[PDB]
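K.L.:
Have a look at the structure that comes next, please.
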2 protein chains.
Amino acid sequence: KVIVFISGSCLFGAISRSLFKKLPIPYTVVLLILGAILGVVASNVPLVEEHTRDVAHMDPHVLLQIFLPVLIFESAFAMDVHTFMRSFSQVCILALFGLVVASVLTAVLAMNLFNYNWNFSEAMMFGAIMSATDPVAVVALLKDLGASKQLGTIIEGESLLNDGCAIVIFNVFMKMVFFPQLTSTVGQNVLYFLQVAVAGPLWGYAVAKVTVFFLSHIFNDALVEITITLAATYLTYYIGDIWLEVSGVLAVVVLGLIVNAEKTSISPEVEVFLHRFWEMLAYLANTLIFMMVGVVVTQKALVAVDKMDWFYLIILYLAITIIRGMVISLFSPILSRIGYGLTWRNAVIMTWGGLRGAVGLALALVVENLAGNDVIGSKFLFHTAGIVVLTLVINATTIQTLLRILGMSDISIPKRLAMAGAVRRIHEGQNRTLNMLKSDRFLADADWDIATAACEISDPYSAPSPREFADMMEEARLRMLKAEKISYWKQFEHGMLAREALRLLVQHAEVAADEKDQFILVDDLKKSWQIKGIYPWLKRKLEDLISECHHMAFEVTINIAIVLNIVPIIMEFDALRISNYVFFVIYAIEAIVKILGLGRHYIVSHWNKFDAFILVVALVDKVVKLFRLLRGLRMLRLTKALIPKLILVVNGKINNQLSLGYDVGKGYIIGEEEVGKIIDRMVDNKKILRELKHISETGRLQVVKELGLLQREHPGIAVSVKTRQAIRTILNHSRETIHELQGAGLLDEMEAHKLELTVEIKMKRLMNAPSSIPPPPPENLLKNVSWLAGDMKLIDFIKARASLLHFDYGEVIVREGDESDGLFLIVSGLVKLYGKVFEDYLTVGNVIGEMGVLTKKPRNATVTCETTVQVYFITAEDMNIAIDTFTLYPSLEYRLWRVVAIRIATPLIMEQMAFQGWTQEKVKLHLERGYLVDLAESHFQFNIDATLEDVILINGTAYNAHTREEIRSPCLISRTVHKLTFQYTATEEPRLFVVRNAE
Amino acid sequence: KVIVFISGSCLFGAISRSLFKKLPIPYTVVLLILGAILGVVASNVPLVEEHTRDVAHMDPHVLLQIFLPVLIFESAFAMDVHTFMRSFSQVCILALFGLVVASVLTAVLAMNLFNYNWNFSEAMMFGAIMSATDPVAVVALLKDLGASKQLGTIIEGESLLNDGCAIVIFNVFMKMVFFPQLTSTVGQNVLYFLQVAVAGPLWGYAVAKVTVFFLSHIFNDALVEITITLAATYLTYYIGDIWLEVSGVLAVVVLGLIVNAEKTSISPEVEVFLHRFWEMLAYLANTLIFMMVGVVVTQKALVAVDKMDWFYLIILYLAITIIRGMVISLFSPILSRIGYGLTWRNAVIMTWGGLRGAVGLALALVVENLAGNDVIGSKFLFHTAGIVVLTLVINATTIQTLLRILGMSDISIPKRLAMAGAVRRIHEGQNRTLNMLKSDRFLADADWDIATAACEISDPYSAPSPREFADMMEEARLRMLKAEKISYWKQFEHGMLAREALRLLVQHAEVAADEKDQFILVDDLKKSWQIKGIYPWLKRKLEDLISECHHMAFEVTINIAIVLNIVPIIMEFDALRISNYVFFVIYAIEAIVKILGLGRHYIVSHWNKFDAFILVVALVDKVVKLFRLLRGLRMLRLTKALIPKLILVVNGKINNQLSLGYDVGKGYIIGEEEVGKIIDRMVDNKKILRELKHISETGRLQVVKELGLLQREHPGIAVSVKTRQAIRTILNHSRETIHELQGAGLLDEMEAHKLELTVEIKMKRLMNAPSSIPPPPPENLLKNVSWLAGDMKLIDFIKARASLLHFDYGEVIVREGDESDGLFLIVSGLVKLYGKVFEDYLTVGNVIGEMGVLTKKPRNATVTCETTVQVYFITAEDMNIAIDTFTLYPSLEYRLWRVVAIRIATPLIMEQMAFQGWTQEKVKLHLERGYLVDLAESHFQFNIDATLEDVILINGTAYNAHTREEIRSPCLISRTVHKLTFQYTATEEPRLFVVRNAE
């Protein structure tokens, strides 16, 4: 009865999909043609008619209750959220108002022109049944071309709201038409529309939050969470359909959108499996519905054919096209005023890319089935089939031409240059590999013509004067922007930036490059991280200032008793005497708790007052009915267990914003530093490079000062986000070391898998990080200095010899050219350093001035306080005493010298830059493995070996072995020198640093 | 009616699975307990009884027609094939005979002891229902421990055949019992059993091959593959269930096993999606069936309970355990004789790990439902539930103890050492990263205690004298085998070896290491690739020697007409007069074709005779019925279109064998060369290293000679496999270059994705490589020399000046110490080279003796022919003329010198070895980028710069700039030398080679 048709449907869909990949027309028109042929054969032959009758005419209920929710939910699940949320107001107003006006204009035009004695409800149904769209083909083509991502996002997101409102309007009007027994009270209809618009999405959001909370507590288990997600989606649909006839789809769409938004609490394999599952279901439904409508329209077309009926279809197509055009034409200025740059090219490509999908066909089938033996069903089916087959051919084939006429399909010159370079590199590499392979001792017999013919890559895209000064500065600006963009890409690929910060940086760089003479500006980034200054923060502050056997199990049991005692309230809204006895027991329990609280000084102000009032009401227990109804006010006492959840969620929101705001600034600073380092030797004119360096320095200084002030504003979030970043970096480098060990063959693959699983579990806990408000104490900062960890005696001696100082805003601590009084450690506040040309801003965690206590040199900086600062001061004499006291192999002077050597040697290695692809992190790690070598053991003579990779001289004077050149510190000695000779000078001790190989 | 129970089932399964991860007992016993509690509540409360009735007692048809096939097919799909196929006979005989004897012994024991007036059929049904197993828990635990992989494979594969035979026996005996109206003819039963045993698996294999053929022609499409596979599986099940009542499961198991075997024709994403889908379905069915039996057992156990009834369960458990033990006890010698080393520890752990799963519960539910109002159903259900809950607790908890008593759970010392080293490296790396991070300018505020306390990783495992000479040689052998194992792992990770070759090599290395004084031997590898010498090859040879408008469209249309004319032949087994006219037209067409063949000299011997006989039969058209039945023998003419398919499939099989046979030998040779190179400096005793080097050289020589002879045997397969290897290597290096370009940030990620997609399509075409019989011509080999490509004039001149020589076996071509007559090129055959100490074997594709034509030195080799050889010879004076003629920048002498320099400089770079993780391929690629520099332009003075990486002097004499040392070629000059001074000597021209940096 059903098996033959479904198997044939799967086979024909597979055949058409595989065979029509090259052709521009979609496979759906082919499926429609096959449905028509099957309809003709069923009309003639009785056997295939018998085999087709059972599925050709199904119930309307199964169609509009299974096929439509699957399609809508898949279309919601496939789409992302952030790109949709960036333009929510625009797409919302466009979809709603365009649908309303298109429906009403189509209805009145059908009434005026079709010459059918139709009520207004039928015309509204017809206008709503040709308002659904399906831009899947055109959005896929636009993604393939990659013209404008935001335009594709908007055209994809419009159709979802379009389909939702179309299904709502069609449902209510079909209920009005085909079941006239319902009462037409205006207030009842208003309440129904209100509950459709409100209760649906709220129910969907509630179940989405509940299922996300349950998903948040599952580790390394796949099956459980897949089953939970599927059961939750079906339960939402079932409840939303039993409660309201049509709101189920409007609830399940919100469910899918929200659960898709939370992509950081669902394992990637489950995500890809669910995506594949829902896409496969949508495919199956789509092919089935096209072939079904094909056979039914062929079987019921000969009895509804007329010359005027055939003529009306063209007029209908013209009408729908012109109204779709004029909607955007009328809405262009309003959508331009809101803050979105609508343009005529985007307008015309959007208004021309209006297709018709399976939703209109589904509603047509429903109407035709419900009409029974009448003419309106056949006319609806014929007109909608005609218009869909007209548009799906004509518009889908001419959309490519209309794209190619305009500039969307064009390819920029830089993309062509990059592709040409890449193809040249691939061809050179393949030629080199072939040349190496032809000289092997085993593969010297392969058919080389066949070998080199099969593997080949083809280019897919290919088929003093003021004017001179302006040209040079324009070229320099373009080169700087290009270097900044590739630095952002390299940083993202290394993993130091999230995707969102990368997208913001790339978009800002492209916008600045589009302008004639505008560099990248910090004001845009300033408003990018300025989202902290928002009214949710003020709400959090006000609710925090408004708000505030001793075991916690006591209060937990009280809450559990309250939850269990909720149920008799629902029972109210012998059998009742046992409940009354339980009530009296609860009253006695509350009395005992309040007696204990009276023993606990009863200092509660408002909660105690409300508890006393509720106890007074409970002691009392038509006026009887009101008393029994209103005695359940004690639920107000539960609100003291509800504030911490709100403060936790608002802290989570502010942390989620602050992480992005911090990441974008850090990425911009690192990229600017790298570009400023690399631009040194490329450019020729001195004035141009000087001006560019000044601009970059001004921007960097502004960004670092603003970010430091933002961190100073409130530490509870900054500490948490910094800790999360540190743990993520440590785990990433551990995973990299694990992969390196596995690749070197020193570890079996199963053990590598076990360690990777452990690292993945740690990363999952990091993602489920704790509450983001840990406050740090100053003693931990004092004991957490890089050259102080692991030495209890040193820590105790420093704590004994330390001092605490506090300064207000505007004070000056030390000045350059003065004697070095001691060492500093910024433990609270922000500080500005300026001395002779460079200017910097430091914050908590950074020490200041080791030169005075190592080299005994005068201060080379000037210190000012931008706010109230707390600092720890250590005298120089105590540091000298500690140096002369501890003489272990990890000596204090050893660690201080290592730290300053690393700090002063990083810029030189970065300045070399003969290598490419090395960032700050890689250079710091490579420099970290080294250890400085004392010259006392080597008798001030050093022999350079092949084992060591790179050497640096920090402080001292260098003498060659034979040429005897006097070299001043600090510099990187060349590989030319072989033996280093040194002399003992009391004024300055030489300092050398080496880096060994791997082993 | 059903919604509440299914949703509760999903919820309870999720809860128990998530909560009982730590506990040793399986989660299913919790589901059984929950089912019992729900049964009690349903017995008391009427509402839950109403909500449970609709699922507690289902129609048994849906149970044994849906739940069982899903479980069996998932268990078949999850298991692999190759490990199953390695021990097919053993598991087959064990499963079949053990099931038979267990069933009959359990039946007779029930008859003797249970004191129930039962027929023998009920006892046999009991024996069949107590024989089903489910080792999922124990095999998962054994994989986690990783004691013996083959034991896990055998214990997993036994249960599949056990379940299949159990369901078959249960089906036939239930049909005998509960439907006694069927006829009991012995011949009918024999024919039925034969058709069950034969027609099922053949039908499954046929549809498996058809669907594999259809899936073989789909590119970059995922949805079509999934839908086609699912539809094919369901169609196989439906046909196998319509035709036979029970053989559907036996067909679908073969379907799943075969489609899982072909893992090289299905995209990985489709594979993982299908695995996840079927695993999820099996999970859902499993939890639902446990809770259903839990809710039904309690309500029916109240009326069937006795002291002796409770007593019998323990006796039954003892009986099943002892019979399962004695089966293996009796089969130990027979299974030892076949060629498998059965041991008592594996025997006891296998016979103790016998569990009971959902299959027995399903069959018990079916019997209880079909019994209706009787006692036998309740007794079967109670006994099955009791035995399964007994074993799933007792055996599943004591299996870990019985494993820990024996040596399976022990951990070897090398694994502990490797884990200790890896954890030490991870800890050092984490400490280094933390030390670097604490000095950053942004992350100086993170709570360091929380940071360093979370990202921590701990090792999971921990909680002259002859005796001296023997110890040293044992240590040397262990170290050599170790280094060989790491060499194999590194080669596999680089990608040069397939998984099976790696598994064979690792297994052979472990077997050799287990023996006291046995090295790795080549005889095992000899029989590993000796599978070519098999009777399929002789069958192919005999069928090839037995067998042999002119457009091919003519024969194609003839075949199509034959295919369409098959249908009236089936119709045989006005309406008939038009068919008769059709056959007359076909006879006329055949007459025209044969007339044309007569015009084509009619030289066909056998096919022409059979065609003439069939034409004689056709011209003729109760004897009438026989003639009409036997006139359709013309189908014999189609067999000439079937032979090429057989030769293609047998060629594919022999190619699939030869690829592995070639890979294992190549991997062994490379690993032996690397270990011999690395063993030079590790060991101390000279005699030991000399003996090991001699052993390694003997093995390498034997392997290379045997592999060369195997290649010489037939070239049609060797050429194809070599070409496939070359194209795969080229594509892999192209993909690596693409990833490097993407990581360097010079290419946008979308373009990188496009290029990766193109490379993936090329790789898919490589996998769907053409027929593996391309024969090579000699002129292509002559023109495909490395220093001859790209020069048409040079190729033509060489072809004009070339000569061809042929030699027989045993002849000697040239001898050492003689004048260099010319240059050699082996274009056919195999050749042995021996001269003074090293001995080698060369084959087609390798040139011989460039030293005589470059350095004008006497021959240093002796050449013998191991078989008939064809050689191209080029005279020395012609090469001198070509050298003195061509003077372009890519000169001939330039290319020859580059080739010899690379060949002679690879071993020095390998011997240098200050580096790890570099193979022959990486060293060759690094050496390839270099170019030799002429000293005429530099006036015989070279200045070493920092840009160049490595330099190597091939021929000449080296002098330092100042120290003036005389250095003899060939050697790698150290980094110490700065400027190279050279002099002009007519007797020897200096030759230098450099390698530059990346840019």
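Convention: chains lettered A, B, ... in structure tokens order; per-chain residue numbering from 1; ligands numbered from 1 as shown.
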Looking only at helix (DSSP H, G or I) from DSSP on the backbone, list the matching residues of region 166-293 of chain B as JSON, numbers by chain.

P.N.:
{"B": [166, 167, 168, 169, 170, 171, 172, 173, 174, 175, 176, 177, 178, 186, 187, 188, 189, 190, 191, 192, 193, 194, 195, 196, 197, 198, 199, 200, 201, 202, 203, 204, 205, 206, 207, 208, 209, 210, 211, 212, 213, 214, 215, 223, 224, 225, 226, 227, 228, 229, 230, 231, 232, 233, 234, 235, 236, 237, 238, 239, 240, 241, 242, 243, 247, 248, 249, 250, 251, 252, 253, 254, 255, 256, 257, 258, 259, 260, 261, 268, 269, 270, 271, 272, 273, 274, 275, 276, 277, 278, 279, 280, 281, 282, 283, 284, 285, 286, 287, 288, 289, 290, 291, 292, 293]}

K.L.:
What residues in chain A have any atom no more than 7 Å from chain B when counting only C-alpha atoms, and can you write them as a short mmCIF file (atom, residue, chain, number, x, y, z; two decimals) with N, CA, C and O atoms, in the first residue's frame?

P.N.:
data_model
loop_
_atom_site.label_atom_id
_atom_site.label_comp_id
_atom_site.auth_asym_id
_atom_site.auth_seq_id
_atom_site.Cartn_x
_atom_site.Cartn_y
_atom_site.Cartn_z
N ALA A 14 17.18 10.35 -4.96
CA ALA A 14 18.61 10.10 -5.09
C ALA A 14 19.09 10.29 -6.52
O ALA A 14 20.12 10.93 -6.77
N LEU A 223 25.17 9.08 24.24
CA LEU A 223 23.83 8.56 23.96
C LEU A 223 22.78 9.25 24.82
O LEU A 223 21.69 9.58 24.33
N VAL A 224 23.09 9.47 26.09
CA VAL A 224 22.13 10.03 27.03
C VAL A 224 21.68 11.40 26.57
O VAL A 224 20.48 11.71 26.57
N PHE A 273 25.82 15.20 14.85
CA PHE A 273 24.85 14.13 14.66
C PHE A 273 23.43 14.68 14.60
O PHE A 273 22.63 14.25 13.76
N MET A 280 18.44 15.21 7.37
CA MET A 280 17.96 14.03 6.66
C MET A 280 16.44 13.93 6.72
O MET A 280 15.78 13.61 5.72
N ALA A 418 46.61 36.41 -4.31
CA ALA A 418 46.85 35.36 -3.32
C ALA A 418 46.65 33.98 -3.91
O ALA A 418 47.44 33.06 -3.67
N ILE A 426 51.94 25.52 -4.93
CA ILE A 426 51.52 24.12 -5.03
C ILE A 426 52.17 23.44 -6.22
O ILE A 426 52.64 22.30 -6.13
N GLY A 429 55.83 22.79 -5.46
CA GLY A 429 55.97 21.68 -4.52
C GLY A 429 55.71 20.34 -5.17
O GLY A 429 56.42 19.36 -4.89
N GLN A 430 54.70 20.26 -6.03
CA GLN A 430 54.43 19.01 -6.73
C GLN A 430 55.56 18.64 -7.66
O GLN A 430 55.94 17.46 -7.75
N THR A 433 58.40 17.30 -5.48
CA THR A 433 58.11 15.96 -4.98
C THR A 433 58.24 14.92 -6.08
O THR A 433 58.75 13.82 -5.86
N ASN A 435 60.20 15.18 -8.73
CA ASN A 435 61.62 15.03 -9.02
C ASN A 435 62.31 14.16 -7.98
O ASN A 435 63.20 13.37 -8.32
N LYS A 438 61.10 10.37 -8.58
CA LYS A 438 61.63 9.67 -9.75
C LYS A 438 63.02 9.09 -9.50
O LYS A 438 63.47 8.27 -10.31
N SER A 439 63.69 9.47 -8.42
CA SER A 439 65.01 8.96 -8.10
C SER A 439 64.98 7.91 -6.99
O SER A 439 66.04 7.52 -6.50
N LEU A 443 60.01 3.14 -6.45
CA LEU A 443 58.93 3.69 -7.27
C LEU A 443 59.45 4.20 -8.61
O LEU A 443 58.94 5.20 -9.14
N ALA A 444 60.44 3.54 -9.18
CA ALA A 444 61.01 3.95 -10.46
C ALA A 444 60.27 3.36 -11.65
O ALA A 444 60.70 3.58 -12.79
N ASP A 445 59.18 2.63 -11.43
CA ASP A 445 58.49 1.94 -12.50
C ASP A 445 57.11 2.49 -12.79
O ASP A 445 56.47 2.05 -13.75
N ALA A 446 56.63 3.43 -11.98
CA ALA A 446 55.27 3.92 -12.14
C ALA A 446 55.11 4.67 -13.46
O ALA A 446 56.03 5.35 -13.93
N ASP A 447 53.93 4.54 -14.05
CA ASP A 447 53.61 5.26 -15.28
C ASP A 447 53.55 6.75 -14.98
O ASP A 447 52.58 7.23 -14.39
N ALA A 451 50.65 9.39 -13.71
CA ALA A 451 50.87 9.90 -12.36
C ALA A 451 50.77 11.41 -12.31
O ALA A 451 50.01 11.97 -11.52
N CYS A 455 47.19 14.01 -10.65
CA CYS A 455 47.32 14.96 -9.54
C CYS A 455 47.78 16.30 -10.11
O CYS A 455 48.95 16.46 -10.48
N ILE A 486 46.86 40.00 8.38
CA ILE A 486 47.49 38.69 8.43
C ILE A 486 47.97 38.37 9.84
O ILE A 486 48.00 37.20 10.24
N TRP A 489 44.94 37.02 11.56
CA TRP A 489 44.69 35.65 11.13
C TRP A 489 45.66 34.67 11.78
O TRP A 489 45.27 33.58 12.21
N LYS A 490 46.94 35.05 11.86
CA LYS A 490 47.94 34.18 12.49
C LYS A 490 47.65 34.00 13.97
O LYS A 490 47.78 32.89 14.50
N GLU A 493 44.74 31.60 14.29
CA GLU A 493 45.14 30.23 13.99
C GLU A 493 45.98 29.63 15.11
O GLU A 493 45.87 28.43 15.39
N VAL A 719 39.65 38.91 37.61
CA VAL A 719 40.44 37.82 38.17
C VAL A 719 39.99 36.49 37.58
O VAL A 719 40.82 35.66 37.18
N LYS A 722 40.97 36.17 33.81
CA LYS A 722 42.41 35.95 33.67
C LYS A 722 42.79 34.54 34.08
O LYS A 722 43.62 33.90 33.41
N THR A 723 42.21 34.02 35.16
CA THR A 723 42.50 32.65 35.58
C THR A 723 42.06 31.65 34.52
O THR A 723 42.78 30.69 34.21
N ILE A 727 44.56 28.97 32.56
CA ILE A 727 44.38 27.52 32.56
C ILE A 727 44.19 27.00 31.14
O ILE A 727 44.68 25.92 30.79
N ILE A 730 47.64 26.79 29.52
CA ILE A 730 48.43 25.68 30.04
C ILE A 730 47.95 24.36 29.47
O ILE A 730 48.75 23.51 29.05
N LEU A 731 46.63 24.15 29.42
CA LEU A 731 46.10 22.90 28.87
C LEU A 731 46.40 22.77 27.38
O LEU A 731 46.69 21.67 26.90
N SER A 734 49.96 21.68 27.08
CA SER A 734 50.08 20.28 27.48
C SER A 734 49.60 19.34 26.37
O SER A 734 50.23 18.32 26.09
N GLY A 743 53.71 11.77 18.11
CA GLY A 743 54.30 11.79 16.79
C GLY A 743 55.74 11.31 16.77
O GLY A 743 56.18 10.69 15.80
N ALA A 744 56.50 11.59 17.84
CA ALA A 744 57.87 11.12 17.91
C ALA A 744 57.97 9.61 18.13
O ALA A 744 59.07 9.07 18.04
N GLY A 745 56.86 8.94 18.42
CA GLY A 745 56.86 7.50 18.54
C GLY A 745 57.28 6.97 19.89
O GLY A 745 57.42 5.75 20.04
N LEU A 746 57.49 7.83 20.88
CA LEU A 746 57.91 7.39 22.20
C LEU A 746 56.74 6.98 23.09
O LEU A 746 56.97 6.54 24.22
N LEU A 747 55.50 7.10 22.61
CA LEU A 747 54.33 6.73 23.39
C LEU A 747 53.35 5.97 22.51
O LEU A 747 53.12 6.35 21.36
N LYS A 762 39.43 18.01 31.66
CA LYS A 762 39.86 19.24 32.32
C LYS A 762 39.34 20.47 31.58
O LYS A 762 38.90 21.45 32.21
N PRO A 776 41.18 38.50 45.30
CA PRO A 776 42.54 38.11 45.69
C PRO A 776 43.03 38.90 46.89
O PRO A 776 42.81 40.11 46.99
N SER A 786 57.60 35.77 40.75
CA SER A 786 58.25 34.75 39.93
C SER A 786 59.55 34.26 40.56
O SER A 786 59.87 33.07 40.49
N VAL A 844 48.42 46.36 38.72
CA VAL A 844 48.73 45.39 39.76
C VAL A 844 49.39 44.15 39.16
O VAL A 844 48.99 43.66 38.09
N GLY A 845 50.44 43.67 39.82
CA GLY A 845 51.14 42.47 39.43
C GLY A 845 52.52 42.69 38.85
O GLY A 845 53.26 41.71 38.70
N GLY A 917 56.62 33.48 10.91
CA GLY A 917 55.64 32.67 11.61
C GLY A 917 55.88 32.51 13.09
O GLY A 917 55.19 31.72 13.73
#

K.L.:
Would you mind listing what lies within 6 Å of region 248-251 of chain B as an mmCIF file with N, CA and C atoms, in the first residue's frame, with only C-alpha atoms counted and same-chain residues fewer than 3 positions away left out?

P.N.:
data_model
loop_
_atom_site.group_PDB
_atom_site.id
_atom_site.type_symbol
_atom_site.label_atom_id
_atom_site.label_comp_id
_atom_site.auth_asym_id
_atom_site.auth_seq_id
_atom_site.Cartn_x
_atom_site.Cartn_y
_atom_site.Cartn_z
ATOM 1 N N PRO B 69 15.574 -7.903 15.485
ATOM 2 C CA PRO B 69 16.442 -7.532 14.358
ATOM 3 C C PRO B 69 17.280 -6.297 14.613
ATOM 4 N N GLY B 200 19.266 -17.272 2.698
ATOM 5 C CA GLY B 200 19.373 -16.065 3.480
ATOM 6 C C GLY B 200 20.662 -15.307 3.230
ATOM 7 N N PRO B 201 21.793 -15.903 3.621
ATOM 8 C CA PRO B 201 23.082 -15.222 3.427
ATOM 9 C C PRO B 201 23.391 -14.876 1.983
ATOM 10 N N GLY B 204 21.420 -11.729 1.234
ATOM 11 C CA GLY B 204 22.064 -10.608 1.898
ATOM 12 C C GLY B 204 23.331 -10.165 1.196
ATOM 13 N N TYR B 237 15.625 -6.584 5.000
ATOM 14 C CA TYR B 237 14.885 -7.177 6.106
ATOM 15 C C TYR B 237 13.471 -7.544 5.675
ATOM 16 N N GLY B 240 13.486 -10.591 3.288
ATOM 17 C CA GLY B 240 13.868 -11.786 4.015
ATOM 18 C C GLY B 240 12.847 -12.211 5.049
ATOM 19 N N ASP B 241 11.977 -11.293 5.470
ATOM 20 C CA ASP B 241 10.934 -11.663 6.416
ATOM 21 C C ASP B 241 9.650 -12.090 5.719
ATOM 22 N N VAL B 254 24.368 -10.622 7.725
ATOM 23 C CA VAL B 254 25.374 -10.699 6.672
ATOM 24 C C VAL B 254 25.458 -9.376 5.929
#

K.L.:
With only C-alpha atoms as the basis for distance, which of B:97, B:894, B:116, B:290 is at the shortest distance from residue 35 (chain B)?

P.N.:
B:290

K.L.:
Mind listing the strand (DSSP E or B) residues of region 715-853 of chain B, per DSSP on the backbone, as a PyMOL selection string?

P.N.:
chain B and resi 803-807+812+822-828+830-834+839-843+847-848

K.L.:
Excluding residue 652 (chain B) and residues on its chain fewer than 3 positions from it, collect all residues at most 8 Å away from it, counting only C-alpha atoms, and give them as a ChimeraX atom specification.

P.N.:
/B:648-649,655-656,771-772

K.L.:
Write the residues of the selection above to a file with N, CA and C atoms, as a PDB file, in the first residue's frame.

P.N.:
ATOM      1  N   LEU B 648      38.249  -8.787 -14.120  1.00  0.00           N
ATOM      2  CA  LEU B 648      38.431  -7.544 -13.379  1.00  0.00           C
ATOM      3  C   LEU B 648      38.392  -7.781 -11.877  1.00  0.00           C
ATOM      4  N   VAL B 649      37.448  -8.599 -11.404  1.00  0.00           N
ATOM      5  CA  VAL B 649      37.347  -8.808  -9.963  1.00  0.00           C
ATOM      6  C   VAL B 649      38.525  -9.634  -9.451  1.00  0.00           C
ATOM      7  N   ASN B 655      45.469  -7.591  -6.741  1.00  0.00           N
ATOM      8  CA  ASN B 655      46.063  -6.292  -6.444  1.00  0.00           C
ATOM      9  C   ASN B 655      45.930  -5.947  -4.969  1.00  0.00           C
ATOM     10  N   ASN B 656      44.767  -6.234  -4.381  1.00  0.00           N
ATOM     11  CA  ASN B 656      44.560  -5.952  -2.968  1.00  0.00           C
ATOM     12  C   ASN B 656      45.503  -6.765  -2.095  1.00  0.00           C
ATOM     13  N   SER B 771      41.324   0.023 -13.630  1.00  0.00           N
ATOM     14  CA  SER B 771      41.740  -1.373 -13.632  1.00  0.00           C
ATOM     15  C   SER B 771      43.250  -1.472 -13.485  1.00  0.00           C
ATOM     16  N   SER B 772      43.691  -2.364 -12.605  1.00  0.00           N
ATOM     17  CA  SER B 772      45.090  -2.398 -12.206  1.00  0.00           C
ATOM     18  C   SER B 772      45.938  -3.274 -13.120  1.00  0.00           C
TER      19      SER B 772
END

K.L.:
If we count only C-alpha atoms, what is near region 596-606 of chain A at a cut-off of 12 Å, once residues fewer than 3 positions away on the same chain are taken out, given as a list in words?

P.N.:
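Contacts, in chain order: residues 546, 547, 548, 549, 550, 554, 589, 590, 591, 592, 593, 609, 610, 611, 612, 613, 637 and 640 of chain A.
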
K.L.:
My list of candidates is B:236, B:44, B:981, B:943. Which is closest to residue 958 (chain B) when distances are computed with only C-alpha atoms?

P.N.:
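Closest to residue 958 (chain B) of all the choices is B:981.
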
K.L.:
Name all residues at most 8 Å from residue 660 (chain B) (count only C-alpha atoms; drop same-chain ones fewer than 3 positions away) and give them as an MDAnalysis selection string.

P.N.:
chainID B and resid 498 500:501 529 656:657 663:664

K.L.:
If you count only C-alpha atoms, which residues fall within 10 Å of residue 778 (chain A), apart from same-chain ones fewer than 5 positions away, as JSON, numbers by chain?

P.N.:
{"A": [783, 784, 827, 828, 870, 871, 872]}
